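Below is one structure, written out as structure tokens; comments come after it.
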Amino acid sequence: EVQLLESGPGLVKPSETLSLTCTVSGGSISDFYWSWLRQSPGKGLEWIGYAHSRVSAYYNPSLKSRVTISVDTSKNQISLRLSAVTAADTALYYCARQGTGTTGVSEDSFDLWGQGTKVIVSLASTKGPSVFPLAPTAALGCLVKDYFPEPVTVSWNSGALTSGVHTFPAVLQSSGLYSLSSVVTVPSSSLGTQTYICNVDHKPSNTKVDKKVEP
Amino acid sequence: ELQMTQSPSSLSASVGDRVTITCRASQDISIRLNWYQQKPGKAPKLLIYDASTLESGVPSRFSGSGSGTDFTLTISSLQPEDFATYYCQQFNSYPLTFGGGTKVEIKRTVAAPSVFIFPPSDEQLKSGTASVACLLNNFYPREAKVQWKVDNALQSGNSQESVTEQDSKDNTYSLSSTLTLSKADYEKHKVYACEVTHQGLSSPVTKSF
Amino acid sequence: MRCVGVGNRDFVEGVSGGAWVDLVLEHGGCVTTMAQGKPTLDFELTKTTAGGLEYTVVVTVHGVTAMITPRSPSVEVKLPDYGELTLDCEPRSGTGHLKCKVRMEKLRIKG
């Protein structure tokens, strides 16, 4: 029944302090050792450190000088503080329970995990996307260019078109903006009879653009 | 720190096959090793602890073996839900370290990519920039190379590639390469080619406009 | 500071098979624990608040700080590379000392 709820900002400016919160539900925070971990597609799964309500914390020597993990019994939450933040700290942060001889599954194993929080370290401002049609079985698409931050919800014909749809992962441009492309493979006979519209939604800038794709 | 080496990094397997994931330690870690399963979008889930002890709820097909430096994770008969990334974790010495992970992907027959070239739209050109997109549709294996050619001259650092994850139904990959150029650079040239090299192709296919 | 010796290096009694070691932690005093196949430890009662509402215990391997309060008298102490130990203490106000049941079953030698 013990559950971990993760909270904190998804975007942190460089040189600032990265603050994340892990709230404990349906149990006592005092009895367990609470750990913080991070994952990135090049550095892998990394253990940051652990903390206890009555026992002194222990951190990874690679982060020790910049990291602080605190347990708040009154607020029933665990906090992670990472100072002097850079693009190298951009990772999916996890809060987990570090097991003992009597608590958890086993000693130094992570049984209970948080949902995960995507943390992006960037100085870039929020900007709406500019959508352009990739005019044309035949293939046609939409180019979601110059936007910050991620993500962008791209659907075809207001959700009616599912088959052949390929929404590619975004790439970071030299400018610091993201560029995305969403394509669809449709029959050649359908061109001139069936109309195609890409519904692009960017929640942080509150931008909703629909573009007609035709040769 | 104690280094953990996992081999292979990527594994292509079929349902019902016996898969073995290896984990090597730089020091003797006794039986102090744990195994984790991670599915896309989800947090890692503990399968095996103390090198061989199975966690409650975990199916009997999952097995753990090894002591000291060499360790193995065995899935006796692979099931469709088992396609995930498997991690090994030591706890003999601090800091606690994890292996690189082994991504278990679904094996499939070779499929040649369908190449489609897209010129920059008139509405994009009026905004000052020009982007040429090349699409590689439904291919296997993931390994594919794209070469941009502005006439006969090969391009170097003005293009960006992106690959979608393996399709749930057809088990293929798709690639999108965007060639970024200024309005002046685009108007000064006429021939724009996209050369694609893949296992399913006898010779490299080129799509141009 | 000279420590009071508890246990023997040639004996496993009190550290194996559900057994514990009873210690009396004096303020301004030190206690040393010894056992077969276990690391030698130093137990010291560093600070005691007026109550005693908070007891500060420092565990050093031949340190890690553990807090003992009347609300939470028992705690699992992690000693990295050496395993774990349980401090099942009996806080009975500012008497100048702290009686603790030390469970060293999960302790190990680094090598």
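Chain labels A, B, ... are given in the sequence in which chains occur in the structure tokens; within each chain residues are numbered consecutively from 1, and ligands are likewise numbered from 1 in the order shown.
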
Set out as JSON lines a contact list for chain A and chain B with a cut-off of 8 Å, giving each residue of chain A that qualifies its closest atom pair and distance in Å to one decimal, counting only C-alpha atoms, ordered by chain and rising residue number.
```
{"residue": "A:44", "atom": "CA", "partner": "B:100", "partner_atom": "CA", "distance": 6.1}
{"residue": "A:45", "atom": "CA", "partner": "B:98", "partner_atom": "CA", "distance": 6.3}
{"residue": "A:46", "atom": "CA", "partner": "B:98", "partner_atom": "CA", "distance": 6.9}
{"residue": "A:47", "atom": "CA", "partner": "B:96", "partner_atom": "CA", "distance": 6.3}
{"residue": "A:59", "atom": "CA", "partner": "B:95", "partner_atom": "CA", "distance": 7.6}
{"residue": "A:60", "atom": "CA", "partner": "B:95", "partner_atom": "CA", "distance": 5.5}
{"residue": "A:61", "atom": "CA", "partner": "B:95", "partner_atom": "CA", "distance": 7.4}
{"residue": "A:94", "atom": "CA", "partner": "B:43", "partner_atom": "CA", "distance": 7.8}
{"residue": "A:105", "atom": "CA", "partner": "B:55", "partner_atom": "CA", "distance": 7.7}
{"residue": "A:106", "atom": "CA", "partner": "B:49", "partner_atom": "CA", "distance": 7.1}
{"residue": "A:108", "atom": "CA", "partner": "B:91", "partner_atom": "CA", "distance": 6.1}
{"residue": "A:109", "atom": "CA", "partner": "B:34", "partner_atom": "CA", "distance": 6.8}
{"residue": "A:110", "atom": "CA", "partner": "B:46", "partner_atom": "CA", "distance": 6.8}
{"residue": "A:111", "atom": "CA", "partner": "B:46", "partner_atom": "CA", "distance": 5.9}
{"residue": "A:113", "atom": "CA", "partner": "B:43", "partner_atom": "CA", "distance": 6.5}
{"residue": "A:114", "atom": "CA", "partner": "B:43", "partner_atom": "CA", "distance": 7.1}
{"residue": "A:115", "atom": "CA", "partner": "B:43", "partner_atom": "CA", "distance": 6.4}
{"residue": "A:116", "atom": "CA", "partner": "B:43", "partner_atom": "CA", "distance": 6.8}
{"residue": "A:132", "atom": "CA", "partner": "B:124", "partner_atom": "CA", "distance": 6.3}
{"residue": "A:133", "atom": "CA", "partner": "B:121", "partner_atom": "CA", "distance": 6.5}
{"residue": "A:134", "atom": "CA", "partner": "B:118", "partner_atom": "CA", "distance": 6.0}
{"residue": "A:135", "atom": "CA", "partner": "B:118", "partner_atom": "CA", "distance": 7.1}
{"residue": "A:136", "atom": "CA", "partner": "B:118", "partner_atom": "CA", "distance": 7.6}
{"residue": "A:139", "atom": "CA", "partner": "B:116", "partner_atom": "CA", "distance": 7.1}
{"residue": "A:166", "atom": "CA", "partner": "B:164", "partner_atom": "CA", "distance": 7.5}
{"residue": "A:167", "atom": "CA", "partner": "B:164", "partner_atom": "CA", "distance": 7.5}
{"residue": "A:168", "atom": "CA", "partner": "B:164", "partner_atom": "CA", "distance": 5.5}
{"residue": "A:169", "atom": "CA", "partner": "B:162", "partner_atom": "CA", "distance": 6.1}
{"residue": "A:170", "atom": "CA", "partner": "B:162", "partner_atom": "CA", "distance": 7.3}
{"residue": "A:171", "atom": "CA", "partner": "B:160", "partner_atom": "CA", "distance": 7.0}
{"residue": "A:181", "atom": "CA", "partner": "B:176", "partner_atom": "CA", "distance": 7.4}
```

Interface list for chain C, partner chain A, 8 Å threshold, only C-alpha atoms, as a ChimeraX atom specification: /C:64-68,75-77,84,106

With N, CA and C atoms retained, could you export that selection as a tab-separated table (two decimals), in the first residue's frame?
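Listed below is the output, part_34.tsv:
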```
chain	number	residue	atom	x	y	z
C	64	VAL	N	29.09	7.32	11.32
C	64	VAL	CA	27.69	7.44	10.90
C	64	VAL	C	26.87	7.84	12.13
C	65	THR	N	26.07	8.92	11.99
C	65	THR	CA	25.24	9.48	13.06
C	65	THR	C	23.81	8.94	13.04
C	66	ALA	N	23.35	8.44	14.20
C	66	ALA	CA	22.00	7.92	14.41
C	66	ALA	C	21.30	8.70	15.53
C	67	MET	N	20.03	9.07	15.31
C	67	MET	CA	19.21	9.82	16.26
C	67	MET	C	18.21	8.91	16.95
C	68	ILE	N	18.24	8.89	18.29
C	68	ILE	CA	17.33	8.09	19.12
C	68	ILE	C	16.42	9.06	19.88
C	75	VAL	N	16.13	2.02	15.31
C	75	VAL	CA	16.58	2.47	13.99
C	75	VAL	C	17.58	1.51	13.32
C	76	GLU	N	17.41	1.30	12.00
C	76	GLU	CA	18.32	0.48	11.20
C	76	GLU	C	19.40	1.42	10.67
C	77	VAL	N	20.66	1.18	11.06
C	77	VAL	CA	21.79	2.03	10.68
C	77	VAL	C	22.60	1.37	9.57
C	84	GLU	N	24.62	-3.52	7.69
C	84	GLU	CA	23.67	-2.84	8.57
C	84	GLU	C	23.69	-3.36	10.01
C	106	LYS	N	23.32	-8.40	10.37
C	106	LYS	CA	23.49	-7.91	9.01
C	106	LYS	C	24.81	-7.15	8.76
```

Residue nearest chain C among B:71, B:25, B:93, B:6 (counting only C-alpha atoms): B:93

Alpha helix (DSSP H) positions in stretch 11-128 of chain B, given as number ranges by chain: B: 122-125

Interface list for chain C, partner chain B, 12 Å threshold, only C-alpha atoms, as a ChimeraX atom specification: /C:78-83,108-111

Strand (DSSP E) residues, from DSSP on the backbone, in stretch 6-100 of chain B, as a ChimeraX atom specification: /B:6-7,10-13,19-25,33-38,45-49,53-54,62-67,70-75,85-90

Coordinates-based distance that separates atom CA of residue A:185 from atom CA of residue A:165 (Å, one decimal):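 For atom CA of residue A:165 relative to atom CA of residue A:185, the distance reads 7.0 Å.
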
Nearest residue to residue B:81 from the set B:68, B:40, B:128, B:200 (distances using only C-alpha atoms):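 Counting only C-alpha atoms, the residue closest to residue B:81 is B:40.
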
12 Å contact set for residue A:153, only C-alpha atoms, chain neighbours under 3 positions out, as a PyMOL selection string: chain A and resi 129+144+150+156+158-159+167-170+180-182+198-204+206-210

Any chance you can output those residues with N, CA and C atoms as a JSON list (two decimals), in the first residue's frame?
```
[["chain", "number", "residue", "atom", "x", "y", "z"],
["A", 129, "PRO", "N", 5.17, 26.77, -31.91],
["A", 129, "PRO", "CA", 5.71, 26.17, -33.14],
["A", 129, "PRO", "C", 5.15, 26.74, -34.43],
["A", 144, "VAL", "N", 6.81, 20.47, -37.86],
["A", 144, "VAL", "CA", 6.64, 21.26, -36.64],
["A", 144, "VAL", "C", 8.02, 21.84, -36.31],
["A", 150, "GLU", "N", 9.54, 20.83, -25.03],
["A", 150, "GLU", "CA", 8.87, 19.62, -25.48],
["A", 150, "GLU", "C", 7.73, 19.28, -24.49],
["A", 156, "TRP", "N", -3.74, 13.34, -36.86],
["A", 156, "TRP", "CA", -4.24, 13.56, -38.22],
["A", 156, "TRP", "C", -5.75, 13.43, -38.31],
["A", 158, "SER", "N", -8.17, 15.19, -36.81],
["A", 158, "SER", "CA", -8.73, 15.30, -35.46],
["A", 158, "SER", "C", -8.85, 13.95, -34.70],
["A", 159, "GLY", "N", -7.93, 13.03, -35.00],
["A", 159, "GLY", "CA", -7.87, 11.71, -34.38],
["A", 159, "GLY", "C", -8.46, 10.57, -35.20],
["A", 167, "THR", "N", 4.95, 9.80, -36.04],
["A", 167, "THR", "CA", 5.37, 11.04, -35.38],
["A", 167, "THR", "C", 6.78, 10.80, -34.83],
["A", 168, "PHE", "N", 7.78, 11.38, -35.50],
["A", 168, "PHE", "CA", 9.20, 11.24, -35.18],
["A", 168, "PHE", "C", 9.62, 11.98, -33.92],
["A", 169, "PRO", "N", 10.60, 11.46, -33.13],
["A", 169, "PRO", "CA", 11.08, 12.20, -31.95],
["A", 169, "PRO", "C", 11.77, 13.50, -32.37],
["A", 170, "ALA", "N", 11.58, 14.57, -31.58],
["A", 170, "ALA", "CA", 12.14, 15.89, -31.86],
["A", 170, "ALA", "C", 13.66, 15.94, -31.75],
["A", 180, "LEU", "N", 10.35, 18.92, -35.22],
["A", 180, "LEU", "CA", 9.61, 17.66, -35.29],
["A", 180, "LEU", "C", 8.95, 17.48, -36.66],
["A", 181, "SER", "N", 8.83, 16.22, -37.11],
["A", 181, "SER", "CA", 8.19, 15.86, -38.37],
["A", 181, "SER", "C", 7.24, 14.68, -38.15],
["A", 182, "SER", "N", 5.99, 14.82, -38.63],
["A", 182, "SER", "CA", 4.97, 13.79, -38.50],
["A", 182, "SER", "C", 4.44, 13.45, -39.89],
["A", 198, "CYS", "N", -3.24, 18.16, -40.17],
["A", 198, "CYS", "CA", -2.44, 17.79, -39.00],
["A", 198, "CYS", "C", -2.76, 18.72, -37.83],
["A", 199, "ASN", "N", -3.29, 18.15, -36.74],
["A", 199, "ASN", "CA", -3.67, 18.88, -35.53],
["A", 199, "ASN", "C", -2.50, 18.92, -34.56],
["A", 200, "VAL", "N", -1.73, 20.02, -34.59],
["A", 200, "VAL", "CA", -0.55, 20.22, -33.75],
["A", 200, "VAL", "C", -0.91, 21.05, -32.52],
["A", 201, "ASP", "N", -0.65, 20.49, -31.32],
["A", 201, "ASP", "CA", -0.93, 21.14, -30.04],
["A", 201, "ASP", "C", 0.33, 21.26, -29.19],
["A", 202, "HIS", "N", 0.65, 22.49, -28.77],
["A", 202, "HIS", "CA", 1.80, 22.80, -27.91],
["A", 202, "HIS", "C", 1.28, 23.49, -26.65],
["A", 203, "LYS", "N", 1.05, 22.68, -25.60],
["A", 203, "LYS", "CA", 0.52, 23.08, -24.30],
["A", 203, "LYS", "C", 1.28, 24.20, -23.54],
["A", 204, "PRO", "N", 2.64, 24.22, -23.45],
["A", 204, "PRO", "CA", 3.31, 25.30, -22.70],
["A", 204, "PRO", "C", 3.12, 26.71, -23.27],
["A", 206, "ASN", "N", 0.42, 27.27, -25.35],
["A", 206, "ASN", "CA", -1.03, 27.21, -25.60],
["A", 206, "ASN", "C", -1.37, 27.51, -27.08],
["A", 207, "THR", "N", -0.60, 26.89, -27.99],
["A", 207, "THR", "CA", -0.74, 27.05, -29.44],
["A", 207, "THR", "C", -1.36, 25.80, -30.08],
["A", 208, "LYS", "N", -2.42, 26.01, -30.89],
["A", 208, "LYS", "CA", -3.14, 24.96, -31.62],
["A", 208, "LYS", "C", -3.25, 25.35, -33.09],
["A", 209, "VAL", "N", -2.49, 24.67, -33.97],
["A", 209, "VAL", "CA", -2.48, 24.96, -35.41],
["A", 209, "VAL", "C", -2.88, 23.73, -36.24],
["A", 210, "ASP", "N", -3.77, 23.94, -37.22],
["A", 210, "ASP", "CA", -4.26, 22.93, -38.16],
["A", 210, "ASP", "C", -3.86, 23.35, -39.58]]
```

Neighbour list for stretch 91-99 of chain C as a ChimeraX atom specification, cut-off 6 Å, only C-alpha atoms, skip fewer than 6 positions in-chain: /C:23-27,51-52,70

Between atom CA of residue B:112 and atom CA of residue B:209, distance in Å (one decimal):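 Computing it gives 21.4 Å between the two atoms.
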
Close residues, residue A:137 itself excluded, 9 Å, only C-alpha atoms, min 4 positions apart in chain, as a PyMOL selection string: chain A and resi 185-189
